[PDB]
Every structure is written in structure tokens, then in C-alpha cells.
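Visitor: I am attaching a structure below and will ask some questions about it afterwards.
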Amino acid sequence: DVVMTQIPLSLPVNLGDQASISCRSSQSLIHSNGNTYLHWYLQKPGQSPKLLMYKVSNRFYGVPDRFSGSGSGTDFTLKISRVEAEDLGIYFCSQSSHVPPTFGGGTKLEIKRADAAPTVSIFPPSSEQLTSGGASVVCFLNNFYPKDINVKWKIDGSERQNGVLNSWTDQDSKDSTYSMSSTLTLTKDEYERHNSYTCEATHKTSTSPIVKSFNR
Amino acid sequence: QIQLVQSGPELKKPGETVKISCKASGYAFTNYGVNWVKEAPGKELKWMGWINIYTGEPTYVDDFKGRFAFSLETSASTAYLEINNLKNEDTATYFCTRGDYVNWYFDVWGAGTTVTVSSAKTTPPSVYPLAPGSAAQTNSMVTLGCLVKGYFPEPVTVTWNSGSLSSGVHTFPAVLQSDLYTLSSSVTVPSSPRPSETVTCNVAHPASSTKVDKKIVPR
Ligand SMILES: CC(=O)[C@H]1CC[C@H]2[C@@H]3CCC4=CC(=O)CC[C@]4(C)[C@H]3[C@H](OC(=O)CCC(=O)O)C[C@]12C
């Protein structure tokens with residue numbers, strides 16, 4: 001199968017800047033009939049994709065003047081010129097030259113802003129849950145940029161692996177930030193044979209970890 | 001208005017098959033192909049097969065053979081996808097696309113039909129309150145939360161103070177833990193509100209007709 005890869009995974013962009021995604025192929029995209037079938041799609045969220053560019057450099061109908069294809073062989077890039085707010089989405093490139101047509105991973109366009117550090121909070125098990133047999137400790141990592149953040153769950157002096165679950169919010173539209181919540185989960189019993197629990201957040205804005213704890 | 005219209009979302013349990021429809025209106029059905037594309041959670045757009053309306057013949061990409069059957073009934077401008085012996089792996093959104101014979105692109109996409117395959121039966125959510133565990137605010141503000149745990153299917157509507165607290169709430173996405181979903185939301189208030197004013201989080205779960213208000217109260 002041709003393996004089309006895209007990079008970056010996300011592109012920080014200030015609306016107004018130019019942008020360039022760059023796809024790439026594990027086989028060439030020039031077809032015996034002479035044509036190259038590299039196509040490019042834009043999937044704005046909770047939607048079905050809309051064709052943008054076909055046959056490397058051709059814009060589809062209506063698709064705005066600010067785009068440009070380029071490349072050959074195995075390297076192609078789509079250039080958006082002065083990003084407007086409606087171009088924001090995942091872009092996928094596709095080869096339609098060798099069966100099966102295959103798809104790239106995508107590149108999400110996202111707004112960039114100043115670094116923010118996460119206001120992180122930890123919460124101990126509600127009593128109505130221990131009452132039934134569990135204890136989920138919950139840490140919320142809120143209102144931080146940029147999107148990579150690593151969360152250690154130090155559960156006794158030591159570090160815990162299992163029972164953590166994470167879930168991120170998308171780029172919060174109002175302030176262009178992110179938010180993360182991990183829920184470490186122990187059996188009621190297994191919670192109460194122990195002292196402190198600490199959610200630990202390691203992230204660009206911090207010299208040294210931004211960590212929170214409770215104990216019993 | 002030239003669209004490809006697809007049937008609704010389906011919830012189904014292993015084995016059970018599902019016939020997905022894709023109806024064309026607006027254009028000349030016979031002289032374009034109907035390609036089927038799969039978008040599975042945090043996997044790529046896998047191109048599944050194709051059914052050309054001249055020939056009547058399906059090309060499947062045998063990464064999908066024997067379970068998945070493309071059929072069609074042309075006089076009704078409707079192309080169909082059937083999956084048989086549904087496994088858990090199929091939870092995805094299947095789009096049908098109109099593909100073309102000259103430039104080979106896909107240019108009209110259908111809106112998607114998410115199949116969810118599962119074996120949980122409807123469970124109402126246990127809603128639990130998250131309150132500070134007496135941790136004392138760094139800068140003048142408090143963050144309470146709700147933890148909705150162990151429910152099926154989705155959706156769940158978490159609102160705070162019956163819609164009145166919007167900026168500041170962050171309802172995260174549902175995650176599985178054994179068949180059942182867990183999700184939490186958080187509201188950040190001025191510490192001149194909690195515990196002076198009330199803070200209630202209302203989780204509604206229409207699938208089982210349960211709505212559970214939980215007021216957060218000190219800890
Ligand atoms: C209209 C349509 O569905 C399009 C969408 C993508 C296209 C296919 C993309 C894959 C492909 C690569 C090739 O170079 C061989 C032709 C095919 C296999 C294309 C088909 O052409 C063909 O010649 C096959 C049609 C036929 O002659 O039976 C038509 C397709 C499937």
C-alpha cells in the first residue's frame with residue numbers, strides 16, 4: 001500500500017501567516033498515463049471532508065484563492081497563504097495513483113498564542129464512591145498551552161501506572177488553550193491502605209514540576 | 001443540492017450485521033463510482049472498497065473480505081454497505097464518497113454513519129462530587145468538578161447550575177473502562193462564590209432517562 005505521511009501533526013499558526021503542510025509518498029505518484037494523483041482534503045471538525053486540491057496543483061471549485069499545490073515524485077506541499085479562520089481543520093493528502101488509494105495521517109491547523117501554564121487541581125475520592133467500593137483520585141490540568149504535557153501520578157512516594165485514564169479537551173476556542181484530566185483509580189480498600197497521592201505535571205512553562213497532593 | 005445521504009447511527013452488538021445505506025440525488029448516479037471510506041477512532045481514513053455502477057461489480061480491498069459486502073439497487077439510487085459478524089473493531093464512521101473516472105478524486109462525501117459495536121447494556125451514570133479536599137486556592141479561585149462514571153451509551157449532558165455557569169466549565173471527553181464510559185467536567189468559580197453561593201452540576205443521560213443533580217458541598 002503506498003504510505004503517505006504528513007508532518008507536522010499540528011501547526012501553530014497566527015491567523016494571517018502563511019502555512020505549509022507537506023505530505024510525502026513511499027512510492028511515486030506519477031502514473032503511467034503521465035498524471036500524478038496526489039489530492040488534498042480539509043476535514044473541519046465533526047464533519048465529512050471537503051476536496052481542496054486535485055492532481056497536485058489544481059484547486060477545486062470555489063476553494064479559495066489562497067492555496068497552492070507543489071511538488072513531484074514523492075514530496076508535495078499545500079501552501080495556505082494568509083490563514084483566515086475557516087481554513088482551520090485536519091488536512092489529509094491522498095494518493096489516488098496505485099490501488100488502493102491511501103490516506104495521510106493529517107495535520108491539524110491550530111491557533112497559536114502565548115505559553116500558559118496549567119492551573120492543576122487534585123481531588124480525593126468522594127465519600128459516596130468509597131461507600132460502594134472504589135476511589136478514583138482526579139487531577140485536572142486546566143488552561144495550559146502548548147499541548148504537550150506529561151502527568152506523573154506519584155501514589156505513595158512511588159509512581160503508579162494503572163488505573164490512570166486521560167482525556168484532553170480540544171483547542172478551547174475562547175482562549176486558544178488546552179485542558180487535560182487524569183483519573184487514577186484504586187479499589188476502596190486499596191485506596192485506604194495508603195498515605196499521600198500526587199498528581200505531578202511536567203510542562204514547558206515550568207522550571208521544575210508543577211505538582212499537587214493531598215494525603216489522608 | 002447534490003448530496004449522498006446516509007442512514008443514521010447504529011448501536012449493535014457482536015455478530016449482528018448492519019446495512020448502511022447511501023442514497024444519491026442530484027447527479028447522474030450511473031457514471032461516477034461509489035467508494036466506501038472508514039474512519040476509525042484514532043486510526044486513518046482506510047479506503048475500503050468501491051462499486052462501479054456501469055459494471056455492477058465491487059472491488060473490495062481484501063483487508064475487508066467476506067464480512068463486508070457492498071451491494072446496490074440502482075433503480076432507487078441507493079448504494080449499500082453490509083458488515084456481517086460485526087466485531088468490536090468496527091466502531092467507526094463509514095462515509096460513502098462519489099468518486100470520478102477522469103481525475104480520480106472523491107468530491108462529494110456522505111456525512112458519516114458511526115457504527116458503535118458493544119455488549120454493555122444501558123447503565124445510568126453514578127455522578128460523584130469533586131470538592132477541594134481542603135486544598136487551599138493558589139490564586140483567588142476554586143475549581144469544583146463532577147465525575148460521571150460507569151455509563152452506556154453516549155451521550156451524557158453535563159451542565160453546571162442549569163446552564164448558568166458557561167465560561168469556566170470544561171466537560172472533557174468520555175473514555176472507556178470495561179464497556180462503560182467515564183467523563184468529568186470542571187467549573188472554575190470566584191472563591192467569593194463557593195461555598196457562599198451554591199454550585200450544582202446536572203448530569204442528564206437521555207438513553208436511560210435519568211437526570212442526576214449533585215450539589216458540591218465542602219471538603
Ligand atoms: C469512479 C471511481 O470510483 C474512481 C475513484 C477512484 C478511482 C480508482 C483509483 C485507483 C485506481 C488507480 C489506477 O490507476 C487504476 C484505476 C483506479 C482503480 C481508479 C478507477 O479507474 C478505473 O478504471 C476502474 C473503473 C473501471 O474501468 O472498471 C476509478 C476510481 C475507483
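Residue numbering restarts at 1 in every chain; chains get A, B, ... in the order shown in the C-alpha cells, and ligands count up from 1 in that same order.
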Would you mind listing, as a PyMOL selection string, all residues of chain A that have at least one atom within 6 Å of chain B, where only C-alpha atoms are what counts?
Guide: chain A and resi 48+51+103+123+167+169
Visitor: Please return as a list in words: the residues of stretch 5-213 of chain A that backbone DSSP assigns to helix (DSSP H, G or I).
Guide: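 Across stretch 5-213 of chain A, those assigned helix (DSSP H, G or I) are residues 85, 86, 87, 127, 128, 129, 130, 188, 189, 190, 191 and 192 of chain A.
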Visitor: Neighbours of ligand 1 at 8 Å or closer, counting only C-alpha atoms and all ligand atoms: which residues, as a tab-separated table (two decimals) with N, CA and C atoms, in the first residue's frame?
Guide:
```tsv
chain	number	residue	atom	x	y	z
A	31	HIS	N	1.83	8.51	-12.57
A	31	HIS	CA	1.10	7.33	-13.06
A	31	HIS	C	1.52	7.03	-14.49
A	96	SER	N	-4.06	8.84	-5.27
A	96	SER	CA	-5.06	8.09	-5.98
A	96	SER	C	-4.28	7.64	-7.21
A	97	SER	N	-3.10	7.01	-7.12
A	97	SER	CA	-2.41	6.55	-8.30
A	97	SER	C	-2.19	5.05	-8.26
A	98	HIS	N	-2.09	4.39	-7.08
A	98	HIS	CA	-1.87	2.94	-7.02
A	98	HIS	C	-3.04	2.35	-6.27
A	99	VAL	N	-3.68	1.25	-6.66
A	99	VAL	CA	-4.81	0.77	-5.87
A	99	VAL	C	-4.19	0.13	-4.64
A	100	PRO	N	-4.68	0.27	-3.40
A	100	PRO	CA	-5.83	1.10	-3.01
A	100	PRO	C	-5.39	2.56	-2.89
A	101	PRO	N	-6.21	3.59	-3.19
A	101	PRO	CA	-5.88	4.98	-2.88
A	101	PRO	C	-5.62	4.98	-1.39
B	31	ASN	N	-22.71	7.22	-13.70
B	31	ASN	CA	-21.39	7.42	-14.28
B	31	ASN	C	-20.31	8.08	-13.43
B	32	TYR	N	-20.31	7.70	-12.15
B	32	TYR	CA	-19.37	8.03	-11.08
B	32	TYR	C	-19.22	6.72	-10.27
B	33	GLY	N	-18.29	6.51	-9.35
B	33	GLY	CA	-18.24	5.25	-8.60
B	33	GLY	C	-18.67	5.50	-7.17
B	34	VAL	N	-19.18	4.54	-6.41
B	34	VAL	CA	-19.40	4.84	-5.02
B	34	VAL	C	-18.32	4.09	-4.24
B	35	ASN	N	-17.38	4.85	-3.67
B	35	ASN	CA	-16.25	4.32	-2.91
B	35	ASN	C	-16.66	4.35	-1.46
B	50	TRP	N	-15.18	-0.19	-3.42
B	50	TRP	CA	-15.75	0.65	-4.47
B	50	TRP	C	-16.76	-0.16	-5.25
B	51	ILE	N	-17.81	0.47	-5.77
B	51	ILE	CA	-18.76	-0.24	-6.56
B	51	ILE	C	-19.06	0.70	-7.72
B	52	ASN	N	-18.64	0.28	-8.90
B	52	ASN	CA	-18.91	0.99	-10.14
B	52	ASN	C	-20.26	0.57	-10.68
B	54	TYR	N	-21.53	1.09	-13.68
B	54	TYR	CA	-21.67	0.55	-15.04
B	54	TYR	C	-21.76	-0.98	-14.80
B	55	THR	N	-20.62	-1.52	-14.43
B	55	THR	CA	-20.48	-2.93	-14.35
B	55	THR	C	-21.33	-3.69	-13.38
B	98	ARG	N	-18.53	9.96	-3.61
B	98	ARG	CA	-18.70	9.84	-5.04
B	98	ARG	C	-17.33	10.04	-5.63
B	99	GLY	N	-16.83	9.04	-6.34
B	99	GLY	CA	-15.53	9.13	-6.95
B	99	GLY	C	-15.64	9.32	-8.44
B	100	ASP	N	-14.66	9.89	-9.12
B	100	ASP	CA	-14.78	10.19	-10.53
B	100	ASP	C	-13.84	9.44	-11.50
B	101	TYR	N	-14.21	9.24	-12.77
B	101	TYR	CA	-13.45	8.41	-13.71
B	101	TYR	C	-12.30	9.06	-14.47
B	102	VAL	N	-12.28	10.40	-14.50
B	102	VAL	CA	-11.26	11.19	-15.19
B	102	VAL	C	-10.10	11.66	-14.30
B	104	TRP	N	-10.07	11.02	-10.68
B	104	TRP	CA	-9.93	10.06	-9.60
B	104	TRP	C	-9.98	10.44	-8.14
B	105	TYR	N	-10.51	11.63	-7.96
B	105	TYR	CA	-10.66	12.18	-6.65
B	105	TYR	C	-11.99	11.76	-6.12
B	106	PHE	N	-12.27	12.11	-4.87
B	106	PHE	CA	-13.54	11.81	-4.25
B	106	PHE	C	-14.08	13.20	-4.02
```
Visitor: Find the residues around residue A:182 up to 7 Å (only C-alpha atoms counted), leave out those fewer than 4 positions away in its own chain, and share them as number ranges by chain.
Guide: A: 138-140, 164-167
Visitor: Next, the residues of the selection above should be written as a short mmCIF file (atom, residue, chain, number, x, y, z; two decimals), in the first residue's frame with N, CA, C and O atoms.
Guide:
```cif
data_model
loop_
_atom_site.label_atom_id
_atom_site.label_comp_id
_atom_site.auth_asym_id
_atom_site.auth_seq_id
_atom_site.Cartn_x
_atom_site.Cartn_y
_atom_site.Cartn_z
N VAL A 138 -8.72 12.35 41.09
CA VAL A 138 -8.95 13.04 39.83
C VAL A 138 -8.11 14.30 39.90
O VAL A 138 -8.21 15.06 40.86
N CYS A 139 -7.28 14.57 38.91
CA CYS A 139 -6.42 15.74 38.84
C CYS A 139 -6.89 16.43 37.59
O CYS A 139 -7.22 15.73 36.65
N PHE A 140 -7.03 17.74 37.53
CA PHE A 140 -7.45 18.44 36.33
C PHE A 140 -6.31 19.35 35.99
O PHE A 140 -5.81 20.06 36.87
N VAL A 164 -4.82 4.95 35.76
CA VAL A 164 -4.88 6.32 35.29
C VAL A 164 -5.70 6.25 34.00
O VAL A 164 -5.72 5.19 33.36
N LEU A 165 -6.45 7.28 33.60
CA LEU A 165 -7.06 7.33 32.27
C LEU A 165 -6.89 8.78 31.87
O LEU A 165 -7.15 9.61 32.77
N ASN A 166 -6.53 9.21 30.66
CA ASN A 166 -6.54 10.65 30.40
C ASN A 166 -7.58 11.08 29.37
O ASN A 166 -8.13 10.21 28.70
N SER A 167 -7.91 12.35 29.19
CA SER A 167 -8.84 12.76 28.17
C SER A 167 -8.55 14.23 27.97
O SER A 167 -8.40 14.93 28.97
#
```
Visitor: What is the atom CA of residue B:1 to atom CA of residue B:74 distance in Å?
Guide: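 Spanning atom CA of residue B:1 to atom CA of residue B:74 is a straight-line distance of 19.8 Å.
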Visitor: Provide the atom CA of residue A:107 to atom CA of residue A:77 distance in Å, to one decimal place.
Guide: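 Computing the Euclidean distance for atom CA of residue A:107 and atom CA of residue A:77 yields 11.8 Å.
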Visitor: Could you state the separation of atom CA of residue A:142 and atom CA of residue B:169 in Å, given to one decimal place?
Guide: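 Straight-line distance from atom CA of residue A:142 to atom CA of residue B:169 works out to 10.4 Å.
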Visitor: Name the residues in contact with residue A:146 at a cut-off of 12 Å, using only C-alpha atoms, excluding same-chain residues fewer than 3 positions from it; report them as a PyMOL selection string.
Guide: chain A and resi 10-12+110-118+142-143+149-150+170-172+176-180+203-205
Visitor: Write out as JSON, numbers by chain the set of residues from stretch 131-185 of chain B that DSSP, computed on the backbone, places in strand (DSSP E).
Guide: {"B": [141, 142, 143, 144, 145, 146, 147, 148, 149, 150, 151, 157, 158, 159, 160, 175, 176, 177, 180, 181, 182, 183, 184, 185]}
Visitor: Any chance you could export the current selection's C-alpha atoms as an mmCIF file, in the first residue's frame?
Guide:
```cif
data_model
loop_
_atom_site.group_PDB
_atom_site.id
_atom_site.type_symbol
_atom_site.label_atom_id
_atom_site.label_comp_id
_atom_site.auth_asym_id
_atom_site.auth_seq_id
_atom_site.Cartn_x
_atom_site.Cartn_y
_atom_site.Cartn_z
ATOM 1 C CA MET B 141 -10.363 30.961 42.573
ATOM 2 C CA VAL B 142 -11.801 27.472 43.075
ATOM 3 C CA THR B 143 -12.311 24.554 40.736
ATOM 4 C CA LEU B 144 -15.019 22.009 41.639
ATOM 5 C CA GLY B 145 -15.944 19.143 39.340
ATOM 6 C CA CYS B 146 -18.304 16.242 38.745
ATOM 7 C CA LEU B 147 -17.135 12.702 37.819
ATOM 8 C CA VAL B 148 -19.839 10.768 35.857
ATOM 9 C CA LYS B 149 -18.696 7.102 35.976
ATOM 10 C CA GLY B 150 -19.680 3.751 34.535
ATOM 11 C CA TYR B 151 -22.422 4.528 31.949
ATOM 12 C CA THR B 157 -25.291 16.241 29.015
ATOM 13 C CA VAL B 158 -23.269 17.749 31.984
ATOM 14 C CA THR B 159 -24.368 21.278 32.691
ATOM 15 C CA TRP B 160 -23.496 23.483 35.753
ATOM 16 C CA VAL B 175 -13.207 7.355 27.934
ATOM 17 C CA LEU B 176 -13.953 3.582 28.251
ATOM 18 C CA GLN B 177 -13.076 1.480 31.321
ATOM 19 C CA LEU B 180 -18.721 1.643 30.268
ATOM 20 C CA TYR B 181 -17.803 5.253 29.871
ATOM 21 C CA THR B 182 -16.365 7.680 32.439
ATOM 22 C CA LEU B 183 -16.299 11.545 31.846
ATOM 23 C CA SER B 184 -15.782 14.645 34.068
ATOM 24 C CA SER B 185 -16.438 18.354 33.843
#
```
Visitor: Would you kindly return, as a list in words, each protein, DNA or RNA residue with an atom no farther than 7 Å from any atom of residue B:4, considering only C-alpha atoms and excluding same-chain residues fewer than 2 positions away?
Guide: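 Near neighbours after the sequence-gap exclusion: residues 6, 22, 23, 24, 25, 109 and 110 of chain B.
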Visitor: Now that the selection is made, can you save its residues with C-alpha atoms as a tab-separated table (two decimals), in the first residue's frame?
Guide:
```
chain	number	residue	atom	x	y	z
B	6	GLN	CA	-26.52	8.23	4.58
B	22	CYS	CA	-26.12	5.82	0.80
B	23	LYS	CA	-28.65	7.46	-1.46
B	24	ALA	CA	-27.72	9.68	-4.27
B	25	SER	CA	-29.74	12.59	-5.53
B	109	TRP	CA	-18.74	12.93	0.61
B	110	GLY	CA	-21.57	11.48	2.58
```
Visitor: Name the residues in contact with stretch 62-72 of chain B at a cut-off of 9 Å, using only C-alpha atoms, excluding same-chain residues fewer than 6 positions from it; report them as a PyMOL selection string.
Guide: chain B and resi 17+21+36+48-51+53+56+78-86
Visitor: Excluding stretch 7-15 of chain B and residues on its chain fewer than 4 positions from it, collect all residues at most 6 Å away from it, counting only C-alpha atoms, and give them as a list in words.
Guide: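 Final neighbour list, sorted by chain and number: residues 21, 85, 86, 87, 113, 114, 115, 116, 117, 118 and 119 of chain B.
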